[PDB]
Amino acid sequence: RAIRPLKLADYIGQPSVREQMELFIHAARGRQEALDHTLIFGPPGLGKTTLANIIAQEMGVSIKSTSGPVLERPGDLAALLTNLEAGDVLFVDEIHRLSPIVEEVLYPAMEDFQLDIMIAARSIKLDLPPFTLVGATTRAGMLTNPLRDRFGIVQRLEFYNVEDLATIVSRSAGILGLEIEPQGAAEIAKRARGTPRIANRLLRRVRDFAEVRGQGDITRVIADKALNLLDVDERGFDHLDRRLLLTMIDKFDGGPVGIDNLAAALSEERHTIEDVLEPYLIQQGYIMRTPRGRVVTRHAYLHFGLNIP
Amino acid sequence: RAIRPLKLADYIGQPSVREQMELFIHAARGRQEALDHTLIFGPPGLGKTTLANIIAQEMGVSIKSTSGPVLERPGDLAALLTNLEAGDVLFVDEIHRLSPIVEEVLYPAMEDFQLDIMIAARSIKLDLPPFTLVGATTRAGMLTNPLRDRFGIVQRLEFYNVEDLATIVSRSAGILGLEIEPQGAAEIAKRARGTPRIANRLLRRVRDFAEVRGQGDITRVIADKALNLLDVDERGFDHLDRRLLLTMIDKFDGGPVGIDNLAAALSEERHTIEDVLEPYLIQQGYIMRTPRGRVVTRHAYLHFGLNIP
Amino acid sequence: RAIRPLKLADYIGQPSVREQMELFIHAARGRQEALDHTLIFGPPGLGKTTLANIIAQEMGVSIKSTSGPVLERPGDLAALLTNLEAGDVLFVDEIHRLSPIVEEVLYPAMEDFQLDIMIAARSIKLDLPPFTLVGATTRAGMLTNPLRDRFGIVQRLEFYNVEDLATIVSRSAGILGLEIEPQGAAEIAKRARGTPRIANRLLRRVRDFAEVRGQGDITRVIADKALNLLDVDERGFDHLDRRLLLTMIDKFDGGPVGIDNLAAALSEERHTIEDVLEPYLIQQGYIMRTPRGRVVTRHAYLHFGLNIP
Amino acid sequence: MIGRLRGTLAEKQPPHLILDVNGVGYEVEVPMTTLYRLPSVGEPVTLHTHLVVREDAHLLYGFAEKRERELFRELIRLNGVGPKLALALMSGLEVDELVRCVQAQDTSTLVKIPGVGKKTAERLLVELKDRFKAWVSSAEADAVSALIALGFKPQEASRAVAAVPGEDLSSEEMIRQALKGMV
Amino acid sequence: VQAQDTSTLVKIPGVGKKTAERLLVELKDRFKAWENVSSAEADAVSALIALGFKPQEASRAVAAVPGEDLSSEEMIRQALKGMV
Amino acid sequence: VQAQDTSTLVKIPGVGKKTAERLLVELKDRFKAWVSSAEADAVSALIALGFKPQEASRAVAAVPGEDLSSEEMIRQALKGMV
DNA sequence: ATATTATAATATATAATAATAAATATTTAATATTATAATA
């Protein structure tokens, strides 16, 4: 019993990017050969695992879900390669950390699916079956440049715009049997970081709100007093978001200090803080990056009605 | 005789968060279904097991308060889930410390309440009754991205608002039988240090002060006389903190400092400082942290009229 | 009147310590209220256990100070809990040096004075009479923070100034039945490296050496002879320390040089130097090691009177 | 040699018993506790047995239980224990109670046995302390492998698996019932 | 042997633990004077085993001060005072 | 006994080299009338790859490459632990 | 432009457990006798 979109056209957002993967899909259907190795880079919440399993379903192939953090040994990599067969695919997340030995093992494994490592005595000559390794990292900058060059498919996954997220809200409510007002769908679409996972979580919160505080479906006023009870503004603020904004506009006077210092002050993990912060705050352009630190714009400081000194 | 509100409405300290989780409780009650997974993080020591027990009485079901050492082996948690029933709930703690084998066992346990296990490989599929998995950690940043993204409700715990801290001080003093003042309540709220336990300790100590110095009376002047000498300050500083600040600024003039050098010069090992005194001041943000030395910020310079380099 | 006096007026400690907490508990006792937990810590060898025994002596409650490293076992912890009764006080030495099992069998006793005992086996509910733990540690920095939160009162010990050391020397020599002049008392205080109980031991040794060469009266010539035989001047510099600083002023003239360079120059192990030699000088304004290296005041040069700009 | 008898009782002269197994009677003694479980004269009985060979004699000892034979044999392997001592011990107290007292290493409950010195009691308890152990279908193997993957030991898992649910049940419910237990 | 410490015995090569308690027991067995339960008591014993007590000190403490027709918490309390 | 083999007897538990070699010595007069190279190569390759030495040999011996190449028997041996 | 050293990982000395093989040690059963505690 899963809500999960099992269709290509469900993720109709980023129409140029989706059409690019559609061209790659029909190229894979037309090649009937070994694909180029895929490495997609994009912030989370967009369903990159959902995208990979949609790719597998359209290929008509079985998909195994693993990640770079999961793997630690080249023997585990060999096991994962062996479990896959002809007409299979592997989803891998966050390749950005990897042992180098795994990389030189994967170099012939993606050249010609070969394995030619040392045992001296007899070396291995194992040739893997034809299956495509699909990469779904968040940022390709931190990972090694030879791997990024060697991976064939690279694409930018971006936060979805208001109309796509509203459409996803409407169809997900249709899956659960509920209905959303177009204005409420639009406001929670431009909110929730423009990401279908966060949009669906917000949909669940607002539908529970309408289950108790409301007496029916969610309308614009239902969603508005939901965000009033959720303490969320028109931009999609959080209590932690408001506190961090207040600290870097007031305590540090623009916050020209490193992300490590503010994260330690908040006692927040670096990766979680940056994943929450950078995409929505950069697409709004409230805060840029300096080597001194992640200093704010004048517009962000004026957002709270405060004039820049 | 611990301090504990009986009901969720009786729980006071996070009124917006309390209203949100009351909405979730009534959503569980009205829908006649097990409540979603609730992620809890914030202060390390707050008696979260007792609050989970209160939620259990609100549900009217049993919650097995379990932690990392309890569920370090997948067999123990599997047995506890087998004794768990429909509409029940399981408190889980130290999820971050738990092994990834626990994580893969708990993937189908919350994923529509199933269980898949391997036995020349053979697969065995098991089912689980619906329940409310409760995940509470001291820090939620170590939670893996697919696991946290697959969860539902995420709830944040934090120290109370200053007026709401003052109300908590008043209620605890009424419990303790102290003849406290609202000005004294706001005083101790300013002294609450973000921790309810040390707050109640301060209520006990000012009650002793009113017993031995005044005639059993707690007023603003009595609270000031009790908490304006030695390791006290209206903001939260101590004479230990003032000594540390003065010894840093007279030696290195607000520059990079050696931590071993500081421990030697203060006649005080750096460990306790970075365990209690430094984390609170960095929680206030008043010390900016570098990999080449800890420096106080402009707030401490403004406290003593010091320049900015 | 003993080797360690048991009277609060007979020990001239820190004025804040001499004023606040023992007067507080003197005026608070007799209320039929169990005293809460109190911590004392600082430099080693300062008789924190003896000070706790003193405090319990004025409290008039049965008390026996036991060393934590001696009592590794929770069974003996239960023995000490059952040896005492309602409203009693207990002094523990080096709580941070306990095996953890003592700690988790001690937490419910701090919670609700409850000794939860494990034996389908079930735990048994074994209540405890009201009691009090008095903490006396050299450094409890690695102790668990929730145990700090259960504890109420903490006092530090610091390097006492020359007036307090002189008064301590005078009162302890009056206990010893000495005829030391106030100038000799100041000389003994300055010869002692602070540390009031270790200062008492040093005064005992000086008294014995003076009685070897004369009577109980101490003259400035007797103080000079004691400094010569102990090879430590009135500045407190050790003979090894004096030789090393003479080599440093004869080589680099107090310039900022590396710790490894001077360690190789003096043919001495650097870690022992760091934990022994410079600490005594660096509580005061003598050694100012920087990111470039060690800096020495000219007041340290006043022992020989040679300095550079 | 002799491990068990399944024969017919001939006469009862306690403690000495004669067991006519196919025409020939067997000189065997049983403890008075086993006297409380012997059948009548002429009735068949199955006795777990074990012989003792001496320099000048062969002595036959037969018990109602195999485990009683094993405990008797381990008592005889002790350097200071004769058959008369072991018969006195088991005529005083029964087997698993003595096992738990060996876990207890208590002399009070064993001194009361007639003819037994305290020194004998502590030496036997100390040299008998617990070094011993305390006293598949598709669904069975699937549960065993599942609990092995869950961290349970195979011997620990098997005793919880095969005890409560029946034979050839549904794997989910029988794994559920196996994991129903707690310690 | 009159102090009953096996640690001094076992450091000698060829001497293990079992030989050490044999020497202790069979010499204390009269040679070395001259120089040359209920549910509550079982619950108490099990609690002591779970709290680090070896069974002999959990045994003779019960034997010295047995509890009769009264609840567990007080005779275990005076037994804990008793073993001191 | 006819082949004067010792290591075959030694692998039996409780058998020393001297015991088996003596058994040879008296049995040669008592009796009057009366896996491949790739198997070890796969184990060595798995050990150097990172696999634990005894479970790797378990996977190798579960489905050996007696009638097929070393790479394919490694391929089907990695089926076991998945 | 050199070191330096304030923070960040790291690798093994020292706790532990698990076969194992040389080196041993190899006697209790019956019965008087004498205390010994309890007893007409």
# chains A, B, ... in the order shown; residues from 1 in each chain; ligands from 1

call {"tool": "calpha_fit_rmsd", "arguments": {"fixed": "chain B", "moving": "chain A"}}
result
3.7 Å

call {"tool": "closest_atom_pairs", "arguments": {"of": "chain C", "to": "chain G", "cutoff": "8 Å", "atoms": "only C-alpha atoms (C1' of nucleotides)", "output": "CSV"}}
result
residue,atom,partner,partner_atom,distance
C:258,CA,G:4,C1',7.1
C:291,CA,G:4,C1',6.4
C:292,CA,G:4,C1',6.5
C:293,CA,G:4,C1',7.7

call {"tool": "select_by_dssp", "arguments": {"residues": "region 58-122 of chain D", "states": "alpha helix (DSSP H)", "output": "MDAnalysis selection string"}}
result
chainID D and resid 66:77 83:92 95:104 108:111 118:122

call {"tool": "residues_around", "arguments": {"residues": "residue 25 (chain F)", "least_positions_apart": "6", "cutoff": "12 Å", "atoms": "only C-alpha atoms (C1' of nucleotides)", "output": "count of residues only"}}
result
8

call {"tool": "closest_residue", "arguments": {"among": "A:149, A:100, A:25, A:75", "to": "residue 8 (chain A)", "atoms": "only C-alpha atoms"}}
result
A:25

call {"tool": "residues_around", "arguments": {"residues": "residue 74 (chain E)", "least_positions_apart": "6", "cutoff": "12 Å", "atoms": "only C-alpha atoms (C1' of nucleotides)", "output": "list in words"}}
result
residues 82, 126, 127 and 128 of chain C; 40, 41, 44, 65, 66, 67, 68, 80, 81 and 82 of chain E

call {"tool": "residues_around", "arguments": {"residues": "residue 148 (chain A)", "least_positions_apart": "3", "cutoff": "10 Å", "atoms": "only C-alpha atoms (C1' of nucleotides)", "output": "PyMOL selection string"}}
result
chain A and resi 37-40+96+140-141+143-145+151-154

call {"tool": "closest_atom_pairs", "arguments": {"of": "chain C", "to": "chain D", "cutoff": "9 Å", "atoms": "only C-alpha atoms", "output": "tab-separated table"}}
result
residue	atom	partner	partner_atom	distance
C:120	CA	D:183	CA	5.5
C:121	CA	D:183	CA	6.3
C:122	CA	D:183	CA	8.9

call {"tool": "closest_residue", "arguments": {"among": "G:18, G:9, G:1, G:23", "to": "chain E", "atoms": "only C-alpha atoms (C1' of nucleotides)"}}
result
G:23

call {"tool": "interface_residues", "arguments": {"of": "chain A", "to": "chain B", "cutoff": "9 Å", "atoms": "only C-alpha atoms", "output": "ChimeraX atom specification"}}
result
/A:1-2,44-45,49,70,197-198,201,204-205,208-209,211-213,229-231,239-240,247,251-252,257-258,260-262,264-273

call {"tool": "write_last_selection", "arguments": {"atoms": "N, CA, C and O atoms", "output": "short mmCIF file (atom, residue, chain, number, x, y, z; two decimals), in the first residue's frame"}}
result
data_model
loop_
_atom_site.label_atom_id
_atom_site.label_comp_id
_atom_site.auth_asym_id
_atom_site.auth_seq_id
_atom_site.Cartn_x
_atom_site.Cartn_y
_atom_site.Cartn_z
N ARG A 1 0.83 -1.20 0.00
CA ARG A 1 0.00 0.00 0.00
C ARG A 1 0.87 1.25 0.00
O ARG A 1 1.18 1.81 1.05
N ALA A 2 1.28 1.69 -1.19
CA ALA A 2 2.18 2.82 -1.33
C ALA A 2 1.55 3.89 -2.22
O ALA A 2 0.98 3.60 -3.27
N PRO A 44 17.99 16.77 -2.28
CA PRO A 44 16.97 15.76 -1.98
C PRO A 44 15.58 16.35 -1.78
O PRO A 44 15.37 17.56 -1.92
N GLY A 45 14.62 15.48 -1.46
CA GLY A 45 13.23 15.86 -1.42
C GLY A 45 12.51 15.72 -2.74
O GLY A 45 11.27 15.74 -2.75
N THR A 49 15.44 8.51 -5.64
CA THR A 49 15.19 7.08 -5.64
C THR A 49 13.91 6.76 -6.42
O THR A 49 13.85 5.76 -7.13
N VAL A 70 26.21 3.10 2.35
CA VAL A 70 26.00 1.70 2.71
C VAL A 70 27.27 0.89 2.44
O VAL A 70 27.72 0.12 3.30
N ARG A 197 8.57 15.30 -1.80
CA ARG A 197 8.56 14.60 -0.52
C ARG A 197 8.10 15.51 0.61
O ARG A 197 7.22 15.15 1.41
N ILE A 198 8.68 16.72 0.69
CA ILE A 198 8.26 17.68 1.70
C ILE A 198 6.83 18.15 1.43
O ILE A 198 6.06 18.38 2.37
N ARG A 201 4.64 15.39 2.80
CA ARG A 201 4.63 15.44 4.26
C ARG A 201 3.75 16.58 4.77
O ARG A 201 2.96 16.40 5.70
N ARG A 204 0.20 15.61 4.39
CA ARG A 204 -0.25 14.75 5.48
C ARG A 204 -0.54 15.56 6.74
O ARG A 204 -1.55 15.31 7.42
N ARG A 205 0.31 16.54 7.05
CA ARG A 205 0.05 17.38 8.22
C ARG A 205 -1.24 18.18 8.06
O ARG A 205 -2.07 18.23 8.99
N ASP A 208 -4.31 15.90 8.31
CA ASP A 208 -4.63 15.61 9.70
C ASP A 208 -5.30 16.80 10.37
O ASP A 208 -6.24 16.65 11.16
N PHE A 209 -4.81 18.01 10.05
CA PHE A 209 -5.43 19.23 10.55
C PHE A 209 -6.90 19.32 10.14
O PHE A 209 -7.77 19.64 10.96
N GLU A 211 -8.69 16.78 9.32
CA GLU A 211 -9.37 15.67 9.98
C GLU A 211 -9.85 16.05 11.37
O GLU A 211 -10.90 15.58 11.81
N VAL A 212 -9.09 16.88 12.08
CA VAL A 212 -9.50 17.24 13.44
C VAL A 212 -10.04 18.66 13.50
O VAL A 212 -11.21 18.87 13.83
N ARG A 213 -9.19 19.65 13.20
CA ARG A 213 -9.60 21.04 13.33
C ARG A 213 -10.62 21.41 12.26
O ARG A 213 -11.59 22.13 12.54
N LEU A 229 -1.59 27.04 12.75
CA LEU A 229 -1.30 26.06 13.80
C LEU A 229 0.06 25.42 13.59
O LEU A 229 0.72 25.04 14.57
N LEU A 230 0.51 25.29 12.34
CA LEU A 230 1.85 24.79 12.06
C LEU A 230 2.93 25.85 12.28
O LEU A 230 4.11 25.50 12.24
N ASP A 231 2.54 27.11 12.50
CA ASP A 231 3.46 28.23 12.67
C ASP A 231 4.41 28.35 11.47
O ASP A 231 5.63 28.38 11.60
N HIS A 239 10.46 26.98 12.80
CA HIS A 239 10.93 27.61 14.03
C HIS A 239 12.46 27.66 14.07
O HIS A 239 13.05 28.68 14.42
N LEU A 240 13.10 26.55 13.69
CA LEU A 240 14.56 26.53 13.59
C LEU A 240 15.05 27.49 12.51
O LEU A 240 16.09 28.15 12.69
N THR A 247 19.57 34.71 14.45
CA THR A 247 20.95 34.70 14.92
C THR A 247 21.89 35.33 13.90
O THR A 247 22.73 36.17 14.26
N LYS A 251 22.72 38.40 15.99
CA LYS A 251 23.85 38.06 16.84
C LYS A 251 25.18 38.34 16.14
O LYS A 251 26.07 38.98 16.71
N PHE A 252 25.33 37.88 14.90
CA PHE A 252 26.59 38.06 14.19
C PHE A 252 26.59 39.27 13.26
O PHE A 252 27.60 39.50 12.58
N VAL A 257 30.33 34.56 9.22
CA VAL A 257 31.09 33.54 9.93
C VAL A 257 30.76 32.19 9.31
O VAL A 257 29.72 32.00 8.69
N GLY A 258 31.68 31.24 9.50
CA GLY A 258 31.58 29.97 8.81
C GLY A 258 30.37 29.17 9.24
O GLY A 258 29.82 29.36 10.32
N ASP A 260 30.32 26.15 10.04
CA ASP A 260 30.68 25.31 11.18
C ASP A 260 30.35 25.99 12.50
O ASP A 260 29.82 25.36 13.42
N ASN A 261 30.63 27.29 12.60
CA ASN A 261 30.41 28.01 13.86
C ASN A 261 28.93 28.11 14.18
O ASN A 261 28.51 27.83 15.31
N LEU A 262 28.12 28.49 13.19
CA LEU A 262 26.68 28.60 13.41
C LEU A 262 26.04 27.23 13.63
O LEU A 262 25.09 27.12 14.41
N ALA A 264 27.56 24.64 15.08
CA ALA A 264 27.92 24.27 16.45
C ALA A 264 27.11 25.07 17.46
O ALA A 264 26.75 24.55 18.52
N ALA A 265 26.83 26.34 17.16
CA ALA A 265 25.97 27.15 18.01
C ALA A 265 24.56 26.57 18.07
O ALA A 265 23.94 26.52 19.14
N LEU A 266 24.05 26.12 16.92
CA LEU A 266 22.75 25.47 16.86
C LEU A 266 22.81 24.01 17.28
O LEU A 266 21.75 23.39 17.46
N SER A 267 24.01 23.46 17.47
CA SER A 267 24.23 22.03 17.72
C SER A 267 23.59 21.18 16.63
O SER A 267 22.96 20.16 16.88
N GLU A 268 23.76 21.63 15.39
CA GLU A 268 23.16 21.00 14.22
C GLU A 268 24.25 20.37 13.36
O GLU A 268 25.33 20.93 13.19
N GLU A 269 23.95 19.19 12.82
CA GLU A 269 24.86 18.51 11.92
C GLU A 269 25.04 19.31 10.63
O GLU A 269 24.11 19.98 10.16
N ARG A 270 26.25 19.25 10.08
CA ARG A 270 26.61 20.10 8.95
C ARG A 270 25.78 19.76 7.71
O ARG A 270 25.23 20.66 7.06
N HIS A 271 25.69 18.47 7.38
CA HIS A 271 24.99 18.06 6.17
C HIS A 271 23.50 18.36 6.25
O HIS A 271 22.91 18.85 5.28
N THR A 272 22.87 18.10 7.40
CA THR A 272 21.45 18.40 7.55
C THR A 272 21.19 19.90 7.48
O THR A 272 20.24 20.34 6.82
N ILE A 273 22.05 20.69 8.13
CA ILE A 273 21.88 22.15 8.12
C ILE A 273 22.02 22.69 6.71
O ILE A 273 21.20 23.51 6.26
#

call {"tool": "closest_atom_pairs", "arguments": {"of": "chain F", "to": "chain A", "cutoff": "12 Å", "atoms": "only C-alpha atoms", "output": "tab-separated table"}}
result
residue	atom	partner	partner_atom	distance
F:37	CA	A:122	CA	9.3
F:38	CA	A:122	CA	8.1
F:39	CA	A:122	CA	11.1
F:40	CA	A:122	CA	10.0
F:41	CA	A:122	CA	6.5
F:42	CA	A:119	CA	8.1
F:43	CA	A:119	CA	9.0
F:44	CA	A:119	CA	6.1
F:45	CA	A:119	CA	4.2
F:46	CA	A:75	CA	7.6
F:47	CA	A:119	CA	8.4
F:48	CA	A:119	CA	6.3
F:49	CA	A:75	CA	6.0
F:50	CA	A:75	CA	5.8
F:51	CA	A:75	CA	6.3
F:52	CA	A:75	CA	9.9
F:56	CA	A:75	CA	10.3
F:59	CA	A:79	CA	11.7
F:69	CA	A:126	CA	9.7
F:70	CA	A:124	CA	7.9
F:71	CA	A:126	CA	4.9
F:72	CA	A:126	CA	7.2
F:73	CA	A:126	CA	9.9
F:74	CA	A:126	CA	8.5
F:75	CA	A:82	CA	5.9
F:76	CA	A:82	CA	7.7
F:77	CA	A:82	CA	9.1
F:78	CA	A:79	CA	5.4
F:79	CA	A:83	CA	6.3
F:80	CA	A:79	CA	9.1
F:81	CA	A:79	CA	7.6
F:82	CA	A:79	CA	5.7

call {"tool": "decode", "arguments": {"residues": "region 34-61 of chain D", "atoms": "N, CA and C atoms", "output": "PDB file, in the first residue's frame"}}
result
ATOM      1  N   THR D  34      13.932 -44.516  44.484  1.00  0.00           N
ATOM      2  CA  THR D  34      13.462 -45.433  43.453  1.00  0.00           C
ATOM      3  C   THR D  34      12.589 -46.543  44.031  1.00  0.00           C
ATOM      4  N   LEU D  35      12.771 -46.896  45.313  1.00  0.00           N
ATOM      5  CA  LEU D  35      11.806 -47.778  45.972  1.00  0.00           C
ATOM      6  C   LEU D  35      10.411 -47.166  45.963  1.00  0.00           C
ATOM      7  N   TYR D  36      10.320 -45.836  46.044  1.00  0.00           N
ATOM      8  CA  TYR D  36       9.020 -45.190  45.858  1.00  0.00           C
ATOM      9  C   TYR D  36       8.539 -45.176  44.405  1.00  0.00           C
ATOM     10  N   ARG D  37       9.264 -45.785  43.461  1.00  0.00           N
ATOM     11  CA  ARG D  37       8.763 -45.907  42.098  1.00  0.00           C
ATOM     12  C   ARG D  37       8.816 -47.321  41.534  1.00  0.00           C
ATOM     13  N   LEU D  38       9.181 -48.324  42.328  1.00  0.00           N
ATOM     14  CA  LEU D  38       9.241 -49.680  41.806  1.00  0.00           C
ATOM     15  C   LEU D  38       7.839 -50.270  41.659  1.00  0.00           C
ATOM     16  N   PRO D  39       7.637 -51.145  40.670  1.00  0.00           N
ATOM     17  CA  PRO D  39       6.360 -51.864  40.570  1.00  0.00           C
ATOM     18  C   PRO D  39       6.303 -53.048  41.523  1.00  0.00           C
ATOM     19  N   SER D  40       5.235 -53.835  41.438  1.00  0.00           N
ATOM     20  CA  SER D  40       5.072 -54.974  42.326  1.00  0.00           C
ATOM     21  C   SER D  40       5.907 -56.159  41.842  1.00  0.00           C
ATOM     22  N   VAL D  41       5.879 -57.231  42.636  1.00  0.00           N
ATOM     23  CA  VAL D  41       6.604 -58.449  42.296  1.00  0.00           C
ATOM     24  C   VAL D  41       5.948 -59.115  41.096  1.00  0.00           C
ATOM     25  N   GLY D  42       6.747 -59.397  40.067  1.00  0.00           N
ATOM     26  CA  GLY D  42       6.253 -59.994  38.846  1.00  0.00           C
ATOM     27  C   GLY D  42       5.922 -59.015  37.742  1.00  0.00           C
ATOM     28  N   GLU D  43       6.024 -57.714  37.997  1.00  0.00           N
ATOM     29  CA  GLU D  43       5.693 -56.733  36.975  1.00  0.00           C
ATOM     30  C   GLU D  43       6.944 -56.282  36.233  1.00  0.00           C
ATOM     31  N   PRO D  44       6.858 -56.157  34.910  1.00  0.00           N
ATOM     32  CA  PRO D  44       8.007 -55.676  34.139  1.00  0.00           C
ATOM     33  C   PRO D  44       8.325 -54.222  34.452  1.00  0.00           C
ATOM     34  N   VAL D  45       9.605 -53.880  34.316  1.00  0.00           N
ATOM     35  CA  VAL D  45      10.075 -52.526  34.579  1.00  0.00           C
ATOM     36  C   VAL D  45      11.305 -52.269  33.720  1.00  0.00           C
ATOM     37  N   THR D  46      11.442 -51.029  33.260  1.00  0.00           N
ATOM     38  CA  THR D  46      12.590 -50.597  32.474  1.00  0.00           C
ATOM     39  C   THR D  46      13.457 -49.696  33.341  1.00  0.00           C
ATOM     40  N   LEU D  47      14.693 -50.121  33.584  1.00  0.00           N
ATOM     41  CA  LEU D  47      15.622 -49.382  34.426  1.00  0.00           C
ATOM     42  C   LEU D  47      16.843 -48.985  33.615  1.00  0.00           C
ATOM     43  N   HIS D  48      17.174 -47.697  33.644  1.00  0.00           N
ATOM     44  CA  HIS D  48      18.433 -47.206  33.088  1.00  0.00           C
ATOM     45  C   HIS D  48      19.527 -47.655  34.044  1.00  0.00           C
ATOM     46  N   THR D  49      20.576 -48.270  33.505  1.00  0.00           N
ATOM     47  CA  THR D  49      21.584 -48.921  34.326  1.00  0.00           C
ATOM     48  C   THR D  49      22.997 -48.503  33.916  1.00  0.00           C
ATOM     49  N   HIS D  50      23.954 -48.775  34.803  1.00  0.00           N
ATOM     50  CA  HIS D  50      25.378 -48.656  34.509  1.00  0.00           C
ATOM     51  C   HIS D  50      26.147 -49.447  35.557  1.00  0.00           C
ATOM     52  N   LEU D  51      27.108 -50.245  35.101  1.00  0.00           N
ATOM     53  CA  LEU D  51      27.842 -51.176  35.948  1.00  0.00           C
ATOM     54  C   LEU D  51      29.027 -50.473  36.596  1.00  0.00           C
ATOM     55  N   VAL D  52      29.583 -51.097  37.633  1.00  0.00           N
ATOM     56  CA  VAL D  52      30.854 -50.690  38.222  1.00  0.00           C
ATOM     57  C   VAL D  52      31.718 -51.932  38.382  1.00  0.00           C
ATOM     58  N   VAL D  53      32.942 -51.869  37.866  1.00  0.00           N
ATOM     59  CA  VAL D  53      33.883 -52.982  37.902  1.00  0.00           C
ATOM     60  C   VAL D  53      34.940 -52.686  38.955  1.00  0.00           C
ATOM     61  N   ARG D  54      35.034 -53.554  39.954  1.00  0.00           N
ATOM     62  CA  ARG D  54      36.033 -53.463  41.005  1.00  0.00           C
ATOM     63  C   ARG D  54      37.087 -54.548  40.773  1.00  0.00           C
ATOM     64  N   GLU D  55      38.157 -54.509  41.571  1.00  0.00           N
ATOM     65  CA  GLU D  55      39.237 -55.483  41.446  1.00  0.00           C
ATOM     66  C   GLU D  55      38.746 -56.901  41.713  1.00  0.00           C
ATOM     67  N   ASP D  56      37.815 -57.062  42.654  1.00  0.00           N
ATOM     68  CA  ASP D  56      37.345 -58.384  43.053  1.00  0.00           C
ATOM     69  C   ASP D  56      35.840 -58.556  42.878  1.00  0.00           C
ATOM     70  N   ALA D  57      35.140 -57.529  42.404  1.00  0.00           N
ATOM     71  CA  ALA D  57      33.691 -57.609  42.312  1.00  0.00           C
ATOM     72  C   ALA D  57      33.208 -56.783  41.130  1.00  0.00           C
ATOM     73  N   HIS D  58      32.012 -57.103  40.652  1.00  0.00           N
ATOM     74  CA  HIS D  58      31.305 -56.294  39.667  1.00  0.00           C
ATOM     75  C   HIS D  58      29.992 -55.890  40.324  1.00  0.00           C
ATOM     76  N   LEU D  59      29.694 -54.597  40.343  1.00  0.00           N
ATOM     77  CA  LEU D  59      28.465 -54.121  40.958  1.00  0.00           C
ATOM     78  C   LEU D  59      27.594 -53.426  39.921  1.00  0.00           C
ATOM     79  N   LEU D  60      26.307 -53.762  39.936  1.00  0.00           N
ATOM     80  CA  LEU D  60      25.339 -53.254  38.975  1.00  0.00           C
ATOM     81  C   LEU D  60      24.422 -52.258  39.668  1.00  0.00           C
ATOM     82  N   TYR D  61      24.244 -51.098  39.046  1.00  0.00           N
ATOM     83  CA  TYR D  61      23.429 -50.014  39.587  1.00  0.00           C
ATOM     84  C   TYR D  61      22.444 -49.609  38.495  1.00  0.00           C
TER      85      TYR D  61
END
